[PDB]
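Chain IDs A, B, C, D, E, F and G follow the sequence of writing; residue 1 opens each chain.
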Amino acid sequence: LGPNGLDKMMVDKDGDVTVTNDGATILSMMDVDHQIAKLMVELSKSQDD
Amino acid sequence: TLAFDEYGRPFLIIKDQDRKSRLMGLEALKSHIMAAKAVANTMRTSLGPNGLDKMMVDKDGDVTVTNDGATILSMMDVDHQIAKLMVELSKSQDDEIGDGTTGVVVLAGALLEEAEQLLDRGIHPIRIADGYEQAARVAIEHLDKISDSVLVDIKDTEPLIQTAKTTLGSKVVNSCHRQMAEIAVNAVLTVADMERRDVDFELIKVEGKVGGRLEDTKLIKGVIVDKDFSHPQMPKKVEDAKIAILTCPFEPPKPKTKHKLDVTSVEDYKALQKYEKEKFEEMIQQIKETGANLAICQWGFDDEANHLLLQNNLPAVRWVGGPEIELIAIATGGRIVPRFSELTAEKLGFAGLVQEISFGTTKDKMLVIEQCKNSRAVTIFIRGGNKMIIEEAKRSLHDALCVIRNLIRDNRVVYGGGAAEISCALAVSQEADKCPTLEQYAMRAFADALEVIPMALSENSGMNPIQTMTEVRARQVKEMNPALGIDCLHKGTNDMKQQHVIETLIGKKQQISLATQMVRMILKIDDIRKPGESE
Amino acid sequence: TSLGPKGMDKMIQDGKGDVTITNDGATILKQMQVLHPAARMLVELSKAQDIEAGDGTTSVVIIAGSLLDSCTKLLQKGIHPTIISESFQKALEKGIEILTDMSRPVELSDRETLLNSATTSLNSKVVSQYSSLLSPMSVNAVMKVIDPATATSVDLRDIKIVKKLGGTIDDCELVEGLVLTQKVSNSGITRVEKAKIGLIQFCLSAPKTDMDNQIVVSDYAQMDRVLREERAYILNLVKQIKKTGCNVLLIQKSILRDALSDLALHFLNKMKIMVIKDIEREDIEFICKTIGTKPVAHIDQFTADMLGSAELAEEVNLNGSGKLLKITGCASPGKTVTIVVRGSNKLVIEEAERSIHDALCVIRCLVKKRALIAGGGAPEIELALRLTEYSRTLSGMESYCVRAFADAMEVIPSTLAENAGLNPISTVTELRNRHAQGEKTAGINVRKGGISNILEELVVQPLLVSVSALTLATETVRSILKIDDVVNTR
Amino acid sequence: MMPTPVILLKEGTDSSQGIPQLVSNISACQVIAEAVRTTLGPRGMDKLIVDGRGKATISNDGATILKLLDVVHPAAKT
Amino acid sequence: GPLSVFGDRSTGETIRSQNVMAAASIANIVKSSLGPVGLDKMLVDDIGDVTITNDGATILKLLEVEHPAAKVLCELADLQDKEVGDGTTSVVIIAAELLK
Amino acid sequence: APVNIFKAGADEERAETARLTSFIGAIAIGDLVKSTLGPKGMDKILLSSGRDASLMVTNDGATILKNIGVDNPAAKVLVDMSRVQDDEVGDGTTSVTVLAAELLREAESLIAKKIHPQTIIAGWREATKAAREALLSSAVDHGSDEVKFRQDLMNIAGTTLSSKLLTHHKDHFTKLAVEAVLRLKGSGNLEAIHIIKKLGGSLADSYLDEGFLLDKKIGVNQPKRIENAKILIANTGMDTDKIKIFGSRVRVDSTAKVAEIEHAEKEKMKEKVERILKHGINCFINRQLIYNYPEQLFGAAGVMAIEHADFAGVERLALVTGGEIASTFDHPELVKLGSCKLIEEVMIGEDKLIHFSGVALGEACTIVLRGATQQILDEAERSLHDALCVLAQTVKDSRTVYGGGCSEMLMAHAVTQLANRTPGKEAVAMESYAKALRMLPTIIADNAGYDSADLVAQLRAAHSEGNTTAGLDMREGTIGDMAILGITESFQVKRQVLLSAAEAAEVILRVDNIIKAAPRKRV
Amino acid sequence: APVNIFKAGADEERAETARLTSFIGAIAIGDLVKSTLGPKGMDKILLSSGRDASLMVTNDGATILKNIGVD
């Protein structure tokens, strides 16, 4: 969060690696197994849209 | 073929022949030499003043870091019948001389390595083995030409201390380079028998206790045992000890055979109670009548005895072991007394200050004897900051004690630093061409093998072996052969006479002889029958 | 153990069941299937000799292995690999000049040099006991087709090998004509004298276009207008052939269309025209050079200009693995020749093929460079002695590395002595003494059992073999000493 | 497939007879002799044999070699 | 140390002895069927087809061999049939003895 | 994170092992190829798991790294960097790899000092700008006076080649690189210089072919040699033309019409060849295969024809013969022909090739590469490719810098002098940038075996007081003048090494958290 | 040593990992007790997996290290 925040490295299922700043990509690439946590991901998606 | 005959039937000669292996040719010989290279590559790394240490991890997880080749090679898991013999070579050198635990492996390996070309030239395997004998005799005969000593083992012990410094310089105790050299000289010369030139290994005991520093290692003119005064309030200081060495428990005497005392009447019950009380009093007064003021007993004490020891001002310790009471009696000039009733003043030991030492927070209560009368035994007390440096210090002083014993056995010495090895290699080369009948290649191979030592020393010293060897070998020929060797820091010049690098003559004589014999018995083999899997 | 006339052969069996016996070091290494990444470099080394020289194939490996071995005593003394590589380079540059000292210039007109060199190469082969026949055959197979004194190269791909099972080596042929494995149909002729031969690519069958063809029948007699016309079409094709004046047809195999219809062969058999069928598209190049015919793609162009000649065209009735066609004699023969290989066993025949090629390569080298040197280890002893004298004048690390290059040179006369049953300790020493005295032509005489004159024994090797052996071996090992890091990929 | 009676004579016994048995017996003797062929004369070689305990014996005397070969063939034992 | 060939390599007197055995194992087949005093063989395959013969050619064509030294004698017999047509028994017997 | 995990089959690392394993895995890349930096480095062999293992011996860091198969998601960052360096300039691939690794090593040490990762990045940005100016102010220009320009190309070619297999063959392969490019006098296509690999002979026996070599030998019934030949190239159909009507059949009442149409089929093929022959040609090259029928027609005409020399072979011939593709022939007067002196075949490595010698407007060449082994041929080919790629750009941008560590010390000097003018919070990071820059001349000396303890101190001491041309003398083991020795590098190669290592290195420093998706197809 | 190994079930490491793994292990000890140096250090919880887990809180470096079980 913010200009002094640090970035995340996302490793995809096929081996591709991306270092991301935007929340939409950070969360969309996570293997979340919880019904409410997925809704929090959808919240970030809606804001991005 | 095995297991198939020309008639289709099985063909079985020996049990489980399908699980055996045989390969003779020249392959048995190359396999033996090749396996020896694996051994030589190990020991060459710990040769010289810069020799690197090995960490040995035992089967139970215990770890010790050592430099002593006897401790490195003895802890191997090598399953090869010839490589095992390479360990026995280092053992024979360790038992007879006690110095060249690294040298004999490096030399023997070089003889096997240089022999490789000789087989490829078509020289009969046995002719190679015999050729080494013709060259070895030359090196041995010249080895005894250059030798001199001024050691008399009386007071002029300067070259004897220098010998100890040469030996210890290779160990991890150079922080005590002088201190341990002097301890080793004093330990041997105070017990050695100058009449026969014999030194009894049992007269020098080596003890230690973890803590402190190497600089705190001392030579004690006396004995050190585990002190445990039976009475906790007994004074812990005796200024002038009259020592009774006794091997009988402080309890009423009993027969050794089946006894089964019959008690019938009350007069019998009560009478025994009185008689037993008297036995406790007599056994203590029999000590005081001799003038004794300190008793040392192999056995324990009864509760009744501890009180009598207090009231009679008679300190004593308990459960002192077999070899401890043996050494105490000898060191103090006394004798071991079987029984209480055989006590006499003539068998008492004489010693000065008796004290126990407490170490930090522990309860070790170690003995120190200050003064003694013409003792023929000494004890070394080794300190150190960890268990590994103490155990290595035990081996470091062991080597120093051994080379002193070797000088007592034979006071002829040679110059070290590679000077003896290079000079021998040059001497063999000069005679290798007198006469080149069949053995020209073999005798030259021997001369080249002798150089493996100053070459490995040069590598571990950080020098190029070609730049170093070519200069020294030239200088030893252009001028009357000086005792010119090599070193890492050069110390100015490489004159071994000024660096005081002293080695024993009989040491090197054994290194050449034992290495040569070991090579012979493993060259003259062309068939190995080792079993394979169980089933 | 496979070096020199006294060496032995090896058998190798692969995982499919192909068993071979061979002497040639290159054919041994290709079958061993050595896995080690460092030893596979020796397989590539032997491959280059097969291309560059053709007969340098064993000595190049024992040299390369010895040069690398000579570097162990250098590396164990702390000599940087870059010092060893530069030192061997300098030793090579001097070694090549030393080799030229033994050279003798020759000309291609000298039948004795050619026969002697071809014979030498056969001494180590399983057919060394047939050299009284295979030697003049090896020379004749080349010297008649390369137009001597007009070129400086030989293309040995115009010398064909035909392998049949039966007979023995004494039954081999060097026929100057055309040998075919194709069959003749019909078999009612089997021999034609004074033939004119034509090469036809036209399909003697029903008409067909590139477009899909359909014949539509809409009436009773319309079917007979088809059958009668196709019969006439094919006959008209045969009439064009017969009126030309040819005797024997060479028919190229067709895939999409039938080249020879039953009706076409019916008329051709009655008109006494002999047809050789199923000739591959890759065979016509050799036919065009050997006989001199030209292909005809369109039957309307089939005229006399495309016909050749043959004195006798006959089917050869062999008692072995089938039979063959042989066309012998013609006007203006081309620059081709065929060698027919015989033998009792397939293993011998396959080795004979390689031995024939090994001998053929000898002249190929002699045309490229008309200079030879004595063999028998003579240039190796000369290198060892002269390179030693070179090293005596050097200083620094080169004085230890250059002598190592020279030391490797003795591996060959030592191996040759051992394989011959001689003691190498005295043999090599005597060789080095004799050459030091000045006997530059002394070497190992495996026939006498000692050391004698190599030239009198006619054991002579082309200069190029000793020059290439050092050039290719040295470059290879100076590269191997440079590669020093093994990485196993994931 | 031949010795198939309804009742067996002995149990399961192996039996060989004639020329291939004599050749086999002689062959077994030729093979065991190989253990000492290279031990004869002043220039003979020694042999190294390892027993089931892991200990090797190095020797060249026939009276020590032949006892360690674990010979089972009835004829080679001769 | 050793060659990095993934198979099995034998040299020296190993193969020089084996080829003699393999050759003998073939000559031992036809030696018993030489001359009018010889006797016939019955060859039975895995599936039950029975062939009666005493000639060296048919026997060695039907019987499978594996050792590369034995295939040489089998090929020798095949050549005799092609070149001459008969006598195909002594070429295996004599050839094996030359090796011995 | 490890407590109350709500992931299906995935995992994550935060602030503890995420950076630790990223620095270890990435820095290891530098140590792998570290040994290849400098003129005295050793080469690698890379081995596969099997199935035609295709052993490769190579020196260049790009060919090493692209065949390793790095699995670590952070180490892959530097692997892609080395790919870009290879694609852009084709040299310095080892230098940029090890420089980025040394920068990252320092970053881990700076984190241990509790310096915020954004402060470290900020410091490197300022240090990078300082280094960029050092390169701009030290560039050496070359304009006219061609006797000096050609020498620069010889220096650039020598420098690149000195680091590869072609070490002691510089007197042959330096000219093969510089002259082959100068003869093109045009676009740096990097395909106009073809290399043919043959076994036989040594590396020193390679030579430059002044003309152009073709495969696919001269026909069956065609002349083998014509003097002063006119060359026509083509990209048209020889047979089975099937002219442009899809779904057309021949449907007739009898086979007589089929035979008549078959004659018409050949008549049009005859006309087609005649339309080509009216051009007045001696040599015909067509991309598409030649069938039996036109082969006879070309032979009868005394004109040779080559079939399918290569897919792009006709395009290459157009550039070296001065003609046009000519896929259609309907106006012979509008079609340009080429010209040469000889079309004879030559024997190279026991293989007959068609040699077009003396070709007019021959803006192309072929290098014939000879070697003893296949590994020698493949590495030697790569050495030619690397040198030609740099030279094709040097002739476009003549700016060079001094090599031998000179440029690196100049960059480290500028960073140091300015870092000492900044507050400690950031100066500690700018100094670490300069320290990494000085690791490059240290690695070069260390690979050769020189006493880097003195060469680095002497080189820095030299550049501290003028001596802006001082650098490493890798022959004697001392410090020398790069201008006199002639050791220079392309400006563009050095610029990209500086910029790429800095840009890539930031990628690792910015990451504190790695989230790893559940793997697929692993059982 | 790694080539033509003659060891039964043993192994050895030289010049490459022998010193590396020695340094890694030595630092691993240091990083463990580093947090206890000084007056503001933090305390550790030492426990076993069971069989009288013997839960102990300790600060002193010697007490920590003597209960780890360094291999």
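Heads up, the rule we're going with is that contacts are C-beta pairs under 8 Å (C-beta built on N, C-alpha and C of every residue); 3 or more make two chains touch, one makes a residue touch a chain.
Which protein is which chain? UniProt says B = T-complex protein 1 subunit epsilon; C = T-complex protein 1 subunit delta; F = T-complex protein 1 subunit beta.
Chains that count as touching both chain B and chain F, per the definition above, are C.
Of all chains shown, the one whose average CA position lies nearest the global CA mean is F.
Per-chain CA centroids place chain E at a distance of 62 Å from chain F.
Separation between the centroids of chain E and chain G, computed from CA atoms only, is 70 Å.
Mean C-alpha positions place chain B and chain E at a centre distance of 69 Å.
Counting partner chains per residue, chain G has residues 4 touching two or more of them. Inter-chain contacts, as defined above, occur between A-F, B-C, B-D, B-E, B-G, C-E, C-F.
Residue ranges on chain C touching chain B, taken from their complex, read 77-79, 397, 400, 414, 418, 423-425. Across the complex, chain B meets chain C through its residues 121-123, 441, 455, 459, 464-466. Remark: chain G residues 1, 4, 6-10, 18, 22, 71 touch chain B in the complex. By the touch criterion given at the top, residues 3-6, 15, 68, 71-72, 75-76, 79, 82-83 of chain E touch chain C in their complex. Residues of chain B touching chain D in their complex: 5, 7, 9, 11-16, 24, 81, 124-126, 521, 524-531.
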